[PDB]
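Working notes, beginning with the structure itself.
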Amino acid sequence: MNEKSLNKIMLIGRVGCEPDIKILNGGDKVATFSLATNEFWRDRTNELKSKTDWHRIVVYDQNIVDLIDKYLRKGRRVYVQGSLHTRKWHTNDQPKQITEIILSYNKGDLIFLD
Amino acid sequence: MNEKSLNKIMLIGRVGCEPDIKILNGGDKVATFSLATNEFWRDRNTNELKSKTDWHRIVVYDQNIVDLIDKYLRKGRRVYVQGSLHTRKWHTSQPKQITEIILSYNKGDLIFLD
Amino acid sequence: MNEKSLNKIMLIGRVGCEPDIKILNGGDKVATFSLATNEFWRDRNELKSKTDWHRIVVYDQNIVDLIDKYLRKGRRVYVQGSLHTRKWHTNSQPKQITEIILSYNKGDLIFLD
Amino acid sequence: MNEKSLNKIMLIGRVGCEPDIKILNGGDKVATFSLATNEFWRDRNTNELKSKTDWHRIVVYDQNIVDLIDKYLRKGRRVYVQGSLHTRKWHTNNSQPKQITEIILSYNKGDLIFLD
DNA sequence: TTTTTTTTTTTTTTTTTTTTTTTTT
DNA sequence: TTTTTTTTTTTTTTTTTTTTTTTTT
């Protein structure tokens, strides 16, 4: 028991790659894709800077995996909502981190936009 | 690199450290601190209770919120934070990647809780 | 069948009244309370401020259980659900109520002190 | 004079009408439109598939967003909208005050994204 | 959104075995 | 966040009701 917390990330952008669908030992499927969003802003100069961010989306929700399998293609615009989680991993010699947006059973959402 | 996108993360969790307030050239301030959230869930296969605690790096460039943080935010306090999620590359070769929750002017929000 | 949509409201504020718990036919419970949020601004006057009172209706059984046990008038909470409006009829007339609904699986409640 | 609170509502749905743009004293603009969203779910006792459509009144005071709406927003477009949720009383115009509930997009607090 | 690059938090009970290369107006 | 007060939209994925009041740079 830790204290209750909120951890919610909402994104709207474009799919950068063709989603990968893996099957877990047991049948359960997982889907994986990359989503681009952008910002733009003037420097503190008025010169005019831009930034694209690539978010790794990992989907465990079986119904949404299916929808991604059937319909989701590189270049599609989607809304994605989940939780933001970082994991370490080692490779036989410090650990590397990745950060992933996770869509679990009954907690995530995906809406096809375009 | 220009289509309008959405990038919004919202967290409620516990401050892990005394905030660091830095003063930049010309006097704008920037605050950073680490925020812990946790999830708790039942494994898919076994039904065992599981948890995981994530530590989020928060970076505040909003001057009104940096001031509030300077005055009021201590190790151990509970807060709501809202911002945008961005990853930046830094060295040093062997490039390194860090993921940060950024609060800029008029996009982010911080509320003091418990 | 309609097109997929998004309807999500998040609130942090104070509970205005003692939550009401009712039992529906067949044993499901429903909980109901009122939550105050505030806004502050200057009237481009003022020095201006506004309290809004949101009706929260909770159908999620685990959350109703927590509310029954723990939620009291005056408590600060985070509430998240979806915004829905409802007409009803009296007299002789058609009124409208706005409610924030927390369904099975879709809403969340966090006690903040 | 009041504790800090959060009031954030986010919607993706369809514009129901041609937006209405009004110009106020001194030239600030305000735009108004109705946005439809829907839910679909299985009834609890019955398992019967049910649906409900909600029409949200959106009132936009941010001038950059009012501009984009004037230029671009038409009946039938899909949009993302983010604002705060606010109820107010009016009359009536002789008797009995009436509540109306509105999603307000203030300057720098709200957001609007064209979808489809 | 720096010129940076997290070491730590709390307690009104509930989801790999991995490690994104690329997108749009 | 007016001086107002929805009547309509799309198809790519919550009862049987109807809030009276709350808090603190």
Side-chain angles (χ1 to χ4, degrees), chain A residues 2-3 13-17 22 25 30 32-34 36 39 41 54-56 58 60 67 71 74-75 77 87 89 96 98 102 104 112, chain B residues 2-3 13-17 22 24-25 30 32 34 36 39 41-42 44 49-50 55 57 59 61 75-76 78 86 88 90 96 98 100 102 104, chain C residues 2-4 13-17 22 24-25 30 32-34 36 41 53-55 57 59 66 69-70 73-74 76 84 86 88 95 97 99 101 103 111, chain D residues 2-3 13-17 22 24-25 30 32 34 36 41 52 55 57 59 61 75-76 78 86 90 98 100 104 106:
Chain A
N2 295 289
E3 194 179 45
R14 341 263 330 188
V15 183
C17 67
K22 259 92 88 70
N25 186 268
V30 181
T32 247
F33 67 94
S34 193
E39 308 301 319
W41 81 107
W54 285 96
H55 302 96
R56 180 174 158 77
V58 186
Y60 288 99
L67 275 178
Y71 304 125
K74 137 185 223 179
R77 197 193 200 182
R87 354 173 330 246
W89 47 293
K96 306 198 188 206
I98 24 149
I102 309 297
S104 282
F112 291 90
Chain B
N2 315 269
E3 193 189 33
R14 285 289 183 168
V15 177
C17 63
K22 271 132 169 264
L24 304 173
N25 207 210
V30 58
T32 60
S34 63
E39 294 315 305
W41 77 98
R42 291 229 173 238
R44 187 72 167 162
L49 203 61
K50 286 165 129 149
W55 284 105
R57 172 172 156 78
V59 184
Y61 289 101
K75 198 163 141 149
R78 208 190 191 182
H86 302 287
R88 33 177 288 265
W90 75 278
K96 257 294 262 302
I98 190 172
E100 293 173 322
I102 313 290
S104 314
Chain C
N2 297 279
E3 182 186 40
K4 222 282 193 54
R14 329 272 318 193
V15 175
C17 59
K22 295 178 205 307
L24 305 171
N25 193 258
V30 181
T32 244
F33 64 99
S34 181
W41 80 101
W53 282 98
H54 295 99
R55 171 170 167 81
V57 188
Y59 290 101
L66 282 176
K69 291 196 212 294
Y70 301 122
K73 148 183 258 193
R76 195 190 199 183
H84 297 291
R86 213 151 52 59
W88 52 288
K95 324 214 92 65
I97 185 90
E99 302 172 328
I101 307 287
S103 281
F111 293 86
Chain D
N2 279 129
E3 188 178 41
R14 308 301 293 211
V15 181
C17 64
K22 281 141 161 266
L24 309 173
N25 210 208
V30 59
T32 273
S34 61
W41 77 95
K52 154 91 144 48
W55 285 102
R57 175 172 156 92
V59 186
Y61 289 101
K75 193 196 227 191
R78 200 173 187 192
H86 290 297
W90 69 281
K98 189 161 140 88
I100 179 160
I104 304 312
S106 279

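Excluded from the calculations below are hydrogen atoms, water molecules and symmetry mates; all remaining heavy atoms, backbone and side chain alike, are included. To find a chain, count down the sequence lines: A is the first, B the second, and so on, and within it residues start at 1.
Here C:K69 does not reach the OP1 or OP2 of E:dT12: none of its side-chain N or O atoms lies under 4.0 Å away. For E:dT2, one of the phosphate oxygens OP1 or OP2 lies less than 4.0 angstrom from a side-chain nitrogen or oxygen of A:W41. Between B:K75 and E:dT9 there is a side-chain polar atom (N or O) within less than 4.0 angstrom of OP1 or OP2. Of the side-chain N and O atoms in D:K98, none sit less than 4.0 angstrom from OP1 or OP2 of F:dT5. For the pair D:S106 and F:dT1, the criterion of a side-chain N or O lying under 4.0 Å from OP1 or OP2 is met.
Comparing C:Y70 and B:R88 by the nucleotide of DNA chain E whose heavy atom lies nearest to each, the residue mapping closer to the 5' end is B:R88.
Across the P atoms, F:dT8 and F:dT12 are found 25 Å apart, a figure rounded to whole Å.
Ring stacking is absent between D:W55 and F:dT9, as the pair misses the limits of under 5.5 Å between centres and under 30 degrees between planes. Judged by centroid separation below 5.5 Å and plane tilt below 30°, D:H86 stacks onto the base of F:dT1.
A syn base is found at F:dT14: its glycosidic angle is within 90° of 0.
A:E3 has its CD atom 4 Å from the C1' atom of E:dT10, to the nearest Å. With rounding to whole Å, D:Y61 atom OH is found 9 Å from F:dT1 atom P. Between the CD1 atom of D:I104 and the P atom of F:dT1 there is a distance of 10 Å, rounded to whole Å. The distance from atom CZ of D:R57 to atom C1' of F:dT7 is 13 Å, rounded to the nearest whole Å. Straight-line distance from the CG atom of A:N25 to the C1' atom of E:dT18: 15 Å, rounded to whole Å. Between the P atom of F:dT15 and the CZ atom of C:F33 lies a distance of 18 Å, rounded to the nearest Å. One interatomic measurement links the two molecules: CD of A:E39 to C1' of E:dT23, which rounds to 15 Å at whole-angstrom precision. The distance between atom CZ of B:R14 and atom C1' of E:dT10, rounded to the nearest whole Å, is 5 Å.
Two residues are said to be in side-chain contact when any heavy atoms from C-beta on lie closer than 4.5 Å; B:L49 and B:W41 fail this criterion.
Using a 4.0 Å heavy-atom criterion, one finds that A:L67 contacts the sugar-phosphate atoms exclusively. Nucleic acid contact class of D:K22 (heavy atoms, under 4.0 Å, all strands): base. Among the heavy atoms of the strands lying under 4.0 Å from C:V30 is at least one base atom, whether or not backbone atoms are also near. In this structure, D:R78 reaches the sugar-phosphate backbone alone: every heavy-atom distance under 4.0 Å involves primed, P, OP1 or OP2 atoms, never a base. Contacts of A:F112 with the nucleic acid, taken as non-hydrogen atoms under 4.0 Å apart, involve only primed sugar atoms and P, OP1 or OP2.
A donor-acceptor contact under 3.5 Å links the side chain of A:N2 to the base of E:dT10. Between the side chain of A:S34 and the base of E:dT22 there is at least one donor-acceptor pair of N/O atoms closer than 3.5 Å.
For C:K22, the side chain to side chain donor-acceptor pair (under 3.5 Å) partners two or more places apart in sequence, or in a different chain, are C:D20. For C:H84, the side chain to side chain donor-acceptor pair (under 3.5 Å) test picks out C:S82, D:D54, with sequence neighbours left out.
The six-membered rings of F:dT9 and its strand neighbour F:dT10 lie with centres under 5.5 Å apart and planes within less than 30°, so the two bases count as stacked.
Relative to the side chain of B:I98, the nucleotides E:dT5, F:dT5, F:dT2 differ in distance, and E:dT5 lies closest.
The pair C:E3-D:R78 counts as a salt bridge, with a side-chain nitrogen and a carboxylate oxygen less than 4.0 angstrom apart.
Remark: side-chain polar atoms of B:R88 are not paired, donor with acceptor, to backbone N or O of B:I98 under 3.5 angstrom.
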